[PDB]
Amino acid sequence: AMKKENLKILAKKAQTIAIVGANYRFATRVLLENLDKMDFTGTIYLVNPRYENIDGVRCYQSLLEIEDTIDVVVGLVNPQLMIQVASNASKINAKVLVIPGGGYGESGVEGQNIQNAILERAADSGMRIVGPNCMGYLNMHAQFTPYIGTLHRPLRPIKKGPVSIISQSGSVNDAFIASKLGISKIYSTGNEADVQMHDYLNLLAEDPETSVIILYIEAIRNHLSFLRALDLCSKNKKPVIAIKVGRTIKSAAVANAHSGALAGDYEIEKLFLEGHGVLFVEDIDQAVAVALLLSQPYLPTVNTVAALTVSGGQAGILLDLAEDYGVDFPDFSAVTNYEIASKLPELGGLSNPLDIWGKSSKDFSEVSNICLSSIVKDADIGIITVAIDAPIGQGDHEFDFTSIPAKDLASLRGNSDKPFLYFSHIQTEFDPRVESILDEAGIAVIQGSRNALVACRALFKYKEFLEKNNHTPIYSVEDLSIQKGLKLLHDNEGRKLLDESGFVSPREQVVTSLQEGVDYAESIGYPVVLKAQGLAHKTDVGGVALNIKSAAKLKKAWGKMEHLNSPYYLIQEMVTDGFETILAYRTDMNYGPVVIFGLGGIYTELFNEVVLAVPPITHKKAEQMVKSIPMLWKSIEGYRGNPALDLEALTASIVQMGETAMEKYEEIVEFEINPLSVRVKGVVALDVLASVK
């Protein structure tokens, strides 16, 4: 017996709970109130040597006094007192001690020590510690709510359901709770002194009561276990949604490569976690919207949406937003628009979103049923939606007509596999009478165009991830140095790496003295290129003489570069013309190698346009990377009467950068080709730069 068995109770039905420090203050009162109103069937014990009884319930003098097996202890005494609570809870083999209060490892040195002593006393029996400094947790299916916050809400009650949430915030849970989400479990993680996000996530992965997971992430502590927890989730086919706080936080660290400034730590992490299936959103509203749509067991087979409205204006605005969010509302198929213009010749030209109100003499009922019957079967439409404002408090007349397409959606639900969604353009709360109808038929309901669009976008991304089947590999970071400094590699070594990886370098050689430079240059032709050496950025200090015709200009350009006390110089051909890109990889401290590719050259950081990819990179993927940058791609096709460049050579070079990255990331943490010149034939590595540490 040990910590592993005890962990399991967090996702299960507890038979008994003891509340230590039970008194007349909010934590106790709300604990008892929650267990009452949420219909806990187990036994509650109160422990406090200061009181005879509370609410008529006996207050025990000690956990040791209780004649029963205790599953879960919630400790409410002060931090100093809590050490002995842990010790007594351990003595009786409590499976879990929940410590909602703060003033621990997250409050300073003294409190870190208290926290350590607690862990040490729990280690004895393997009792788990939840928190400290958190709201606790709740389990709607077990009716067990060791949770410090008011759960009972006559007005807007919590609804039980398939969505579970792990949150590193002790302040956003009521926000999730106040949403329309059907909740199963919510874990507030706190200091994660013992039970961490990956632990809760492992539980959720295999919890039959959860089909959808939401994470609210402030900071991942144990990257490897987290990644493995994510993998357990996809293994179990449970979508995982995340909000990650600190998205725009600089990260001030090292970097010799332009790649450093072009790929933020955040975007690197995002790319890796998406590789493992994470569906990122930006805020709670969006998390909710995505989860509400994913809570229905329907997925799209094609990345397109139909919207049926009763407003021209709103249809117009939705269409504009669809472009902003990159959601495809395509024309209806030729069968569909014939099927409709055949029974409703009075609608005319069909747009998507499609306004179907006041366009016919027929009952709106009939117009609606016709359109949705056809649109539902349309092979070019992945998701079927109705976009209609049906605000709370609307009149009966307004209900009669807004409920009509809901009823239709409900009537077609049993005979389609397509995701259905009724959403309102506006954010305001839905009329419950319309929601009742879609809730009864298992149709998703979302408030707000932007959220519905994010939701749809997220469905698609989820579908793609299921299709990949071959997800992102976990890279070991064990060999990686912990030093926080960077050492620039000698240009020689740089060149050696280009070679060994098959990258083509311009004909070049390193000269020691001026005559040698003239002698070498006069043995290759002009123009050549003269570059100072030992620098990360040569151009800035005038260490790059280009287009130097004749040995006359050569000796002069060398004359102007003497102040840069340059050890050896390098001369190369003047690689004529070719589109400038940047191709590199960096070593992420937690995740491993990542490849960076995009608009390159001296102005690379000003273009600020790249794409990332975790190796290995498939040939298909490299091609998609190229085509995903307009100015890059349109240039390869040959822009405005210009020769088409060597796509296939560029593609291969990207793949190759991927394999080198996999090979050398633990030792070389920066490897960059700026610019990698793309030409009619071949691609040329004009420059190279590598860093270590």
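Residues carry their position along the shown sequence, with the first being 1.
- Remark: stretch with higher mean C-alpha B factor among 41 to 49 and 639 to 647 is 639 to 647.
- Higher mean CA temperature factor between 288 to 296 and 613 to 621: 613 to 621, per the PDB entry.
- Ranking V678, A11, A18, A14 by Cα temperature factor from the entry places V678 first.
- In the PDB entry, the Cα temperature factor peaks, among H276, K95, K418, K538, at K538.
- In this PDB entry, the Cα temperature factor of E120 sits in the middle third of its chain's modelled residues.
- Sorting the modelled residues of the chain by their CA temperature factor places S628 in the highest third.
- Annotation for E192: CA B-factor lies in the lowest third of the chain's modelled residues.
- The deposited CA B-factor of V73 belongs to the lowest third of values across its chain.
- Per the PDB record, residue ranking by Cα B-factor puts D55 in the middle third of the chain.
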